[PDB]
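Subsequent text provides structure tokens for two forms of one protein chain, presented individually as structure 1 and structure 2.
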Structure 1
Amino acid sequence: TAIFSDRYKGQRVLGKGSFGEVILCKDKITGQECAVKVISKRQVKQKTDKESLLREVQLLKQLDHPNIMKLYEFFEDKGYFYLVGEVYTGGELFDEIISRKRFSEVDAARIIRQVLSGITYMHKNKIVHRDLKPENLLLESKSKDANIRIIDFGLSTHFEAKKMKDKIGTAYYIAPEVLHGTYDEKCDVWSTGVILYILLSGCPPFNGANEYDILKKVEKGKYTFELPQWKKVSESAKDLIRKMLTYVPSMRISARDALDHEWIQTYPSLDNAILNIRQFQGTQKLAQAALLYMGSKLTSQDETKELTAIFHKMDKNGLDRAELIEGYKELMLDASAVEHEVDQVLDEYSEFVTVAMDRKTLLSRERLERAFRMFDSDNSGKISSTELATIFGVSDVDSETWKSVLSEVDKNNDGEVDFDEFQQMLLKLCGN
């Protein structure tokens, strides 16, 4: 009965989440700001019936913990679900850590105590996450020492996630038992052990050249503390990771027993871990940016041709401000974006579409350039072919496919690419 549009108005895109986009919205009466995840029913399949979802959402709205995201409302119309919740402006935990000069075992324990606090509370209320990862750890405020909020706790039991643009950075943290189908709340302890391992080394315990190679390592479940970074880390931290990364879930420690472990109650600097976590986060974010870029090029290519056909059928006189605005509503807030587009583009409908979308292409190029620049930590202007293999590995582009495309852009490259070349390689990888 309740309609979303009759209560909230969109302000700006906050980013992307799992199962849909996150928009910053404002209540039309009280002005309260909210983060709204919009889930398209055509793009996302329901694991359970509509009765099971309403009951889990009802329970989730009544739960309250300082380390769990607050869900306020839930709406559904013919083609979408709207999860309305609280706004957390501090960003993702790992983005805060890469900006820090120093990071110690006390900072890591403080983080993991919060993550385990949220989990324990949620396990007492029989909610499992399943997809606990760094992206689902948002900081309440801009500051470094701020409260961590776990996002999407309980969504996975009712929504199915395949697209490589999504699914990037998920294989590192997934519990082996989730892969074979029989899992319970202990899967969330495994994921926290993986995150804890990365916080104290900067490297995942189960790693590989591509998604499937990572999953092979996870499934075998063997890892080591046999890297130079672990020498400067205490045996009590190694003992907790061992208990949390125990293969058989019945033998694995509970989230509650992890809070009461010697390490969390008891707790220098881990410099090599910050350098590795910078590189890990840089690689993750560039691969993501590369996939978003290729996605935006096909979306714009589709939208330009679909909008041209609509504006051509609208053209009776062999152009018109009211007609140009009318065309945008046919392919679908949309009128206000058109009013801002027509005023800026002007400052022929064929010349309009090119400028209106070349503005959108420049915006798409600059987001990719930011992630390239941030990945290029030594400011060389280039990334090696080895760095490309890692990048194209995490974005699941086949080795022979990107190496072929590279020789087509520049035949006399010496195992390095500049930004323009990288951009040119991605355009060729999406039929452009």
Structure 2
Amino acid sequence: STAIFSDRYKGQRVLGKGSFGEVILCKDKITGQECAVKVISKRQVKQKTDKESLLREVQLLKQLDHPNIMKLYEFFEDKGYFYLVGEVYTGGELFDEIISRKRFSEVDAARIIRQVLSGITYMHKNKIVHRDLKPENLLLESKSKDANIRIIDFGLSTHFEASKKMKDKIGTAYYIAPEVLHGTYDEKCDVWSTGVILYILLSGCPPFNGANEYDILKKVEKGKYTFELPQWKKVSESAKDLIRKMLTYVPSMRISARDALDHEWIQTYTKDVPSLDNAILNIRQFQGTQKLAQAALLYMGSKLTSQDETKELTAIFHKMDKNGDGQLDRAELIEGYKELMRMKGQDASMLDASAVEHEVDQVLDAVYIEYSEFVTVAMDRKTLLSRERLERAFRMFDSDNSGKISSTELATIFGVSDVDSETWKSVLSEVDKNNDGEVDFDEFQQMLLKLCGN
């Protein structure tokens, strides 16, 4: 008797989109235990290993235990999906918490990096490599100031192939070890990624940077970086030495995780130190830029999904409309909405028939029934979560409350989003015919619609 995920768990709400799938906050129907479930769609994500290889890795991961590593509880599989059930953490992404503080010292950085290295060392002892370590995979356990870091996604990348879509790729290039680019890699790739993260904590800029993804990858692959930025003048020698050893090009010459834990810098600063004010400022700029580019990509995707699902839904209902009345009942709206969830594959949110009944009932309570009006409301439902996140992200990036984003800023944003320069300028030309060389929110939004075939 294979076991079924929704026999045990009900969905509370969506937490977000992470690597390889959606993550939903769920609750055990019997014990009331809350968990975070990552749902991997087989249609969207190809496997790299056989089933046997994956089952044994899962079995090992369920037994591992370390305070800086996400705890995995269960694994389920059906026809369309894999369901990975882990512990929920509520403190959010590390960098989002850091930009909220007024001071940040080498002691704060050292304490963070010790945690990361400790998790990594443990996982490497157990022969598991992350490969895709980056700031998004570092979660704080709770919203308290002290809270431990929990690393998510250890072990995934070995069994599943990453998306080639930019909306899923944002940020990845800064942190990937050069040997991963060329194909021969081992556990030392995780030390490199940590080194890049450390460099960024102490300066607020990527050691390997550029105007688009490929430019970044080119800097990484050559492997040269410098400490010639002004803000490095305030930083201890021992920190730069540890950095150097983690960013050592040839993996066999690069320091191990375990030895980095013993480095003088970790020893000194984790047991007369200024705030790194310039680094906090750079980090909040870095962060805001990354989050706005992500928000702009998800908005464009959400718009295209809606164009696709609106027309599909209408044709399902038209077919269903026996009498040509333009009128369906509740059971019919439910069966058509279900039909949409079968064809499509988008709503981890609609785990079972019961979540679909509730969603239908929410739309009805807002709005025999005219199906064309039901279609209108059901779809806005799914967007504005992305339209209002767009707006939130624009306001967060406009830190001066100017209401405006300059041409230069757009060039940075679209570069990170990997939208071609002559393409966005062309779209900007069609909206900015006053030559202001700056845009307000509504103008920015209009550009994005034009960049996704609207």
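Rigid core: the largest C-alpha set superposing within 1.5 Å between the two forms. Numbers follow structure 1, counted from its first residue as 1.
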Seminar exercise, completed: Candidates 128, 111, 342, 139; compared between structures 1 and 2 on the rigid core, the one with a C-alpha shift of 2 angstroms or more is 342
Problem set entry | Rigid core superposition, residue 232 Cα moves 2 angstroms or more between structures 1 and 2 | no
Problem set entry | Large Cα shift (2 Å or above) at residue 258 between structures 1 and 2, core-fitted | no
For this session: Compare the position of the CA of residue 87 between structures 1 and 2 after a rigid core fit and state whether the shift reaches 2 Å.
Result: no
Problem set entry | Rigid-core-fitted C-alpha displacement of residue 213 between structures 1 and 2 (angstrom) | 0.1
Exercise. So, with the core fitted, how far does residue 359 move at its Cα between structures 1 and 2, in angstrom?
Worked result: 4.5
Seminar exercise, completed: Students should find the CA displacement of residue 312 between structures 1 and 2, rigid core aligned, in Å, to be 1.0
